[PDB]
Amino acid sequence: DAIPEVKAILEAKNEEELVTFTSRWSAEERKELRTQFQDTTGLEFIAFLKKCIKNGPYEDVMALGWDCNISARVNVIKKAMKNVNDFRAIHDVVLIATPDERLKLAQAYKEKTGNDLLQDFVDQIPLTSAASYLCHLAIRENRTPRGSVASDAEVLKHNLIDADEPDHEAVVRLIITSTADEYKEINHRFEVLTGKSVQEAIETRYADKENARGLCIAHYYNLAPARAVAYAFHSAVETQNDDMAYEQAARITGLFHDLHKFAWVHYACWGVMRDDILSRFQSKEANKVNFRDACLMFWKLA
């Protein structure tokens, strides 16, 4: 087919071709292609790419969108726990997911690493912060009605506003195991009481960035999975450190370009996703030079 073509693009490390090439293929087409390639060459397509092109945010976005979604969420979690835990990356993978998605993950993990996902969290992730409770509860509780809207709206405007130290497990559970419809209400109630949006109240209350972000992600998910994905991309765009912002931006693009392709509709809250991609990602560092376009391509914003 055109399998030989890409196969030559990857050896030549012609990052520019790879983008256009990848622009043609669709979700299912891609999976097909990936296995076809491995038969016609004897090379597992992803690892072959992760070994052919530079290394960094560009390689990241390509080695992510070019793969099976859950498979990726697995490699993201795998890498996120190495040294210190990349709460931003773990959060992304398990907060912006449907019950079925986390399920397929627990499964894909158990068979890629051998161990059960929920256990590794207990081992590697001590339960200290809102950040760590988010990682856990996201895989233990399921959204279910409490029928105490006004009651819960107080639970937040107290733990995020009045209380000295916010009961983290308390607040993470309220958001995680909350029904999307009850949450529309809870949230609306909170704005009335406090006069400020939960997002603000979170970011204002949690100095640690990973914790304010993780909480804000969970919160925006209960209001629209693409909104959670928008907030995340925005948090990546406004990050001053290039290695971090490109890292974050690559992952989020790589894990959600298809799943929540209309995230740019919600990004309007902060500006124009397409404009902000064109503006923010101007780096000249080799491994970052093409990310801008790989990113635009996977969001059909080009």
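Numbering starts at 1 and runs along the sequence shown.
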(message) Please compare 222-230 with 107-115 and say which has the higher mean C-alpha temperature factor in the record.
(response) 107-115
(message) Test of understanding: from the entry's C-alpha B-factors, which stretch has the higher mean, 210-218 or 118-126?
(response) 118-126
(request) Can you pull the Cα B-factors for 43, 252, 245, 63 from the entry and say which is highest? (result) 43
(request) Tell me, please, which of 203, 141, 86, 92 has the highest C-alpha B factor according to the deposited entry? (result) 141
(message) Lowest, middle or highest third: which one holds residue 10 when the chain's residues are ordered by CA B-factor from the entry?
(response) highest
(message) Test of reading the entry: by CA B factor among the chain's modelled residues, which third contains residue 50?
(response) middle
(request) Rank-wise, by C-alpha B-factor, drop residue 26 into the lowest, middle or highest third of its chain. (result) middle
(request) Among all modelled residues of this chain, ranked by Cα B factor, put residue 67 in the bottom, middle or top third, i.e. lowest, middle or highest. (result) middle
